[PDB]
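Considered here are two forms of the same protein chain, supplied as structure tokens in two stand-alone entries, structure 1 and structure 2.
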Structure 1
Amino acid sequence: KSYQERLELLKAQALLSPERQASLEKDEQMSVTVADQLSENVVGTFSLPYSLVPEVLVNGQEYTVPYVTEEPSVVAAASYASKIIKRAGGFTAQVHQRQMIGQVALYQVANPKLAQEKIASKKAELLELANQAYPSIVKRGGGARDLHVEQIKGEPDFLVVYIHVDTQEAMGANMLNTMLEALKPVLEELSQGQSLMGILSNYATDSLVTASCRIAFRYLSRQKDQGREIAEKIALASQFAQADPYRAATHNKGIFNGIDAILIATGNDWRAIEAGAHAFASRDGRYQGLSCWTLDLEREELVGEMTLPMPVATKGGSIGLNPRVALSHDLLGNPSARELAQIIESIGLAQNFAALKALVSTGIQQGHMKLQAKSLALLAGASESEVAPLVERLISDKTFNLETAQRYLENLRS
């Protein structure tokens, strides 16, 4: 469909209220005046494409997901993956926890063991102090929930106080930074040490979210053995990303083609999600692929699963200022942060699935066979003028290999 036909179709689907639909048809943008409130030294605005990924089925609810990407084929891939996985029942997703982590680092602590025990014994008192430093969140039902103290040996040694905070629908960088700043004096007195910093942590292991899918082999190919072969290769591709960091970077980049597209569309901080997830990818001592694809040979199903820190937000940042971000949240039915996180996780896994399927699939047939035959021609030692006759003979056979290329090369020259 054309651009305009896409708008008519979206209008007929009634996914947007009449006002939002009109806004989108006028392609309403954040104004320079509002942009001037989001950033500094603003001299204009910058536009990217805004696309829709239909039929994203998460926990039995179907969504049309907005994407902002400049990379060709990314949206098409996500739509393709979503369609297949919808046939296979959609995604199942869950939030394990949703809390943000902040830390105060202390140094020059003469007696770290005692300091650790003193601080741990004042846990409730210190959590009450953080809550009083930012009193709005407790009134609204959130707040600082836990505290842990760790010694980190090295050059020099650090004593690190971590707080775990329920920030509800917000990202909470300012909340944690305010709470941590209030804790510094008492943490110094309790430890008799020096406060180095108090800052939120983007290694958001209190906000893990998991999505999965289960794809019968028949959705991968009609030829019974073929679908199994595609599934087997996708699992092998997932295993390869576990073995080679050079593959892992590309595997995970492919996930974030999708994730970053919907983060931008929803006003979320993708540098934060990227950092937390790529750090999560090396928690076992090696940088590895973030998702796992495995075979269910008994059920003949390909199983995909991906766990990430996904501390996204539905309030704050530009979510209220950029009008198209507001439209994106409306388009999704105004999900909570937890629901949004589960949608984003599914999208990331969908994006990954389309990449792996394309990576492992072979045989352009008509054109691929001439590519194959020319490579074998050259390896056989064909010179420049011999290549075209060679390829022509090869591709005209039911099958061929290097030995065929070499034998025909000898016929050519003899």
Structure 2
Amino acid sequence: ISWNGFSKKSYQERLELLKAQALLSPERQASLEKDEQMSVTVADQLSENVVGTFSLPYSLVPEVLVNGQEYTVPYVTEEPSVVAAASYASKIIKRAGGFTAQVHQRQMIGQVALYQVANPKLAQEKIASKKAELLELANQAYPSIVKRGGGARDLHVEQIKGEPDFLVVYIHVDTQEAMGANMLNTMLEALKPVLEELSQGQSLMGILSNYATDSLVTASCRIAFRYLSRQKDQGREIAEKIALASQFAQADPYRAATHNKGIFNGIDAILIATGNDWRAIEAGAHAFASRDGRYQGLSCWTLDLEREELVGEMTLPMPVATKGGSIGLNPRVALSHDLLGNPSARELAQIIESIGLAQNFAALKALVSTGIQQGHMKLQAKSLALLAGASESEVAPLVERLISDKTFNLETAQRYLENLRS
């Protein structure tokens, strides 16, 4: 069964189409049809001073092809056109072969800040020359069930200049599937007393870093010009303008901020659905956006003129998880993982990275062609046309006559739908 015409289906028809796809078990489908929410007693366990619950929309972005595997992505967003834009971009890019994505590394970085170090140079080399014992110390409670390529893998000391000067020790630990810093804090808590003794300094803090450069993930798409425009040869011009738009985000931070914001309309939507910490992802990615000395766009769009293809690519820190937190407490988050086929943490990271590039593509394509206002008043005319009882074959001629008028309401679509039937 295809997702064609899913645009124009009603809420009840969307749930029947999802049931036809057979993506959810009987229990999860029923849970979704009752619109089961996280209970107040559960929310009382996740947060403090809880006095109720707050609800947001829950949507589906279909036909997300990542590495030859197709997914139905769950979105949680309150902003109109975000889901429609990701769905439109996902369909086009699926026709172009889908996304290719990889996880370069998956390790979390912890750091211990030391200060009041008499000689940072000798302390740097003294701690460095005990790297083996320091990592052996950090690995002593995880000798084999973790020490199979996981565990504390690397350590190094660096002199960070400034006011004052800090001696920072970075530890690199294999994260596994859970969002548990229990691994990290066990290694940090034991290294702090030793690092103080080796450096003859004082420890300021031992904390995880959300600048997760040991968890980079890249996704890419390759779109033939013929897929960008129905017109003859104008798919190349749209491609040229999308590559220019990507260079603008590299040149002006005022554009980079908006460029990267559009990326995170989708990334945060799937991060919320899957119960992931979007503040950590937003921080690491936006810090990553200025790694070359200036805040620039997080994705690149270039032209392959000889193959006649538009190429998109984006690398971000994406240390997402599939266990822990609200994943096992929020029943709709568990349903979101089931919906995606229970992907691994690395597989989920490549799906999120792909929808962010898909979200970015739909924004740039609209900005450089029709504009972003046009696409905002076509979805209203569409939703108002469905509330007026229009069939699928008559939505399009009703939207053209509604969008023709400056202002239209439900009473406007109803009168026009009646003339269409007269």
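Residues that one form lacks are left out of the comparison. Just so we're on the same page, rigid core means the largest C-alpha set that superposes within 1.5 Å between forms. Reference numbering: structure 1, starting with residue 1.
Engineer: With the two forms fitted on the rigid core, I'd like to know which residue in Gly102, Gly276, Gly172, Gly227 is displaced by 2 angstroms or more at its CA between structures 1 and 2.
Structural biologist: With the rigid core superposed, the residue that stands out is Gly172.
Engineer: With both forms fitted on the core, check whether the Cα of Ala130 differs by 2 Å or more between structures 1 and 2.
Structural biologist: It does shift by 2 Å or more.
Engineer: Relative to the superposed rigid core, does the CA atom of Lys11 travel 2 Å or more between structures 1 and 2?
Structural biologist: False for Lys11: its C-alpha shift is below 2 Å.
Engineer: By the 2 angstroms cut-off, has the C-alpha of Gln406 moved between structures 1 and 2 once the rigid core is superposed?
Structural biologist: Comparing forms between structures 1 and 2, the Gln406 CA shifts at least 2 Å.
Engineer: Hey, core superposed, how many Å does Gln351 shift at the CA between structures 1 and 2?
Structural biologist: Shift of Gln351 at C-alpha, rigid core superposed: 0.1 Å.
Engineer: Hey, core superposed, how many Å does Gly141 shift at the CA between structures 1 and 2?
Structural biologist: Looking at the C-alpha of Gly141 between structures 1 and 2, the offset is 7.1 Å.
Engineer: For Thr362, tell me the Cα shift between structures 1 and 2 once the rigid core is superposed, in Å to one decimal.
Structural biologist: C-alpha displacement of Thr362 between structures 1 and 2: 3.4 Å.
Engineer: In sequence order, what stretches of at least three consecutive residues shift by 2 Å or more at the Cα level between structures 1 and 2, with the rigid core held as reference?
Structural biologist: After core superposition, the displaced runs are 128-142, 171-175, 177-179, 222-225, 362-414.
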